[PDB]
Amino acid sequence: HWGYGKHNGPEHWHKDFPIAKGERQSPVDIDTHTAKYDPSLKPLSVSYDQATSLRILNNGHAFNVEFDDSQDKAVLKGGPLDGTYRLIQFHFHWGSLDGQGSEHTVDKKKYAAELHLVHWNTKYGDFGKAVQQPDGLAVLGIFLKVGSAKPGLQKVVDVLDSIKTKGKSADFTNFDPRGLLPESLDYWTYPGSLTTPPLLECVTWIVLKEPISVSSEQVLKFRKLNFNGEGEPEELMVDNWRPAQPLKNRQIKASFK
Ligand code: NI
Ligand code: NI
């Protein structure tokens with residue numbers, strides 16, 4: 001009842017999820033000239049040394065690399081955040097062509113893909129309770145451009161053949177998400193939402209300014225995944241991004257001058 005086709009894509013979602021037309025929807029265009037430096041921000045702290053990856057799942061819209069979120073093993077703190085946010089999964093959004101695929105844009109520029117590291121606020125006990133809160137989630141967003149390979153991405157790419165179709169999963173232990181981060185942690189932040197149904201307005205977005213580079217071959221492997229289940233007609237998993245939504249009564253803050 002939802003996806004990324006013409007018949008069931010972003011422009012239809014509001015019929016089932018009227019929050020699609022809400023006051024704090026994501027993604028947005030980041031107007032770099034209008035974002036303002038915020039001195040009240042604290043330094044970002046990414047603490048991923050004890051991360052425990054478990055599994056990779058094709059859920060029919062993306063693939064998720066899932067983590068053990070039953071302890072504070074991989075946590076995000078600081079920046080705009082109050083308290084501790086635990087990493088639950090990461091996934092990507094990507095295009096059919098290198099010129100589109102990101103959900104956020106920067107001065108209207110689209111990247112080839114966007115990495116989302118999803119974290120939930122431990123004051124709410126579990127993810128399902130967190131998504132019902134305005135400060136429930138913190139998503140670290142990282143743009144991908146095509147250029148050199150990203151070495152720390154290769155282990156992800158090479159398991160994708162084993163999860164081609166919706167509902168397939170594979171063991172995915174001992175993956176280090178630190179190998180997906182750029183050098184700088186400079187960022188933009190704003191209050192927003194999930195970008196997939198149910199579109200809940202529960203996310204503090206933290207979007208890094210510095211993209212990571214991946215190779216042609218790496219992105220091409222994303223594009224070989226399928227939205228469909230095994231034994232259904234093949235539909236390539238591409239263009240699984242929601243376009244930019246109205247900023248409305250929000251200000252985007254920058255961590256840097
Ligand atoms: Ni459906
Ligand atoms: Ni996402």
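Would you mind calculating the relative contact order of the range 87-143 from Cα pairs under 8 angstrom and at least 6 residues apart, reporting the percent as a whole number?
On the way: 108 pairs, mean separation 17.9, N = 57.
Over the range 87-143, the number comes to 31 percent.
Please give every one of the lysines within straight-line cross-link reach of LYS6, meaning a C-alpha to C-alpha distance under 19 Å, and leave out same-chain neighbours fewer than 8 residues apart.
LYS15, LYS21
Given the chain, what percent of its DSSP beta bridges are antiparallel, to the nearest 5?
Details: 43 of 55 bridges.
Once the DSSP bridges in the chain are tallied, antiparallel ones form about 80 percent.
State the Cα centre-to-centre distance between the range 199-239 and the range 154-186 in whole Å.
With the range 199-239 and the range 154-186 each reduced to a Cα centre, they are spaced 11 Å.
For the chain, what does the relative contact order come out to in percent, with C-alpha contacts under 8 Å and a separation of six or more? Spell out each step's value before the answer.
On the way: 638 pairs, mean separation 68.1, N = 257.
Across the chain, relative contact order equals 26 percent.
Which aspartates and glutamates does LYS123 reach when only Cα atoms under 15 Å apart count, and residues fewer than 8 places away in its own chain are ignored?
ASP69, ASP72, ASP82, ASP135
Over the range 37-157, what is the relative contact order in whole percent, taking alpha-carbon pairs under 8 Å and six or more residues apart?
Details: 234 pairs, mean separation 21.8, N = 121.
Relative contact order for the range 37-157 comes out at 18 percent.
Using helices alone, I'd like the mean residue ellipticity at 222 nm for the chain: each DSSP H run of four-plus residues gives -39500 (n - 2.57), total over residue count, nearest 500.
Details: 3 runs with 17 residues, N = 257.
Mean residue ellipticity at 222 nm (helix-derived): -1500 deg cm²/dmol.
Considering only DSSP states other than H, G, I, E and B, which GluC sites (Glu not before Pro) in the range 176-257 qualify as loop sites with at most 11 other Cβ atoms within 10 Å? Walk me through the intermediate numbers first.
Details: sites: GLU183, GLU201, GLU217, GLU230, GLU234, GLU235; in loops: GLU183, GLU201, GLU230, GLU234, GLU235.
Taking the range 176-257 and a limit of 11 other Cβ atoms within 10 Å, the loop GluC sites (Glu not before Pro) found are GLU183, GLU230, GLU234.
Just tell me which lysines come within less than 28 Å, Cα to Cα, of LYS257; anything on the same chain fewer than 8 places away is out.
Straight-line reach from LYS257, under 28 Å: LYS36, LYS42, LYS77, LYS108, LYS109, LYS110, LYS145, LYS150, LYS209, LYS248.
What whole-number distance in Å separates the alpha-carbon centres of the range 91-112 and the range 16-77?
Spelled out, the Cα-based centre of one part sits 16 Å from the other.
Could you line up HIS33, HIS93 from fewest to most neighbouring Cβ atoms inside 10 Å?
On the way: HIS33 6, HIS93 26.
With the fewest neighbours first, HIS33, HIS93 line up as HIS33, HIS93.
Fewest to most neighbouring Cβ within 10 Å: what's the order for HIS116, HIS61?
On the way: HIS116 21, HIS61 17.
Starting with the residue having the fewest Cβ neighbours, the order is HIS61, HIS116.
Computed from the coordinates by the stated procedures, all read-outs in this text should not be read as laboratory data. Positions of Cβ are backbone-derived with ideal geometry, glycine not excepted, and every protein chain shown enters the neighbour counts.
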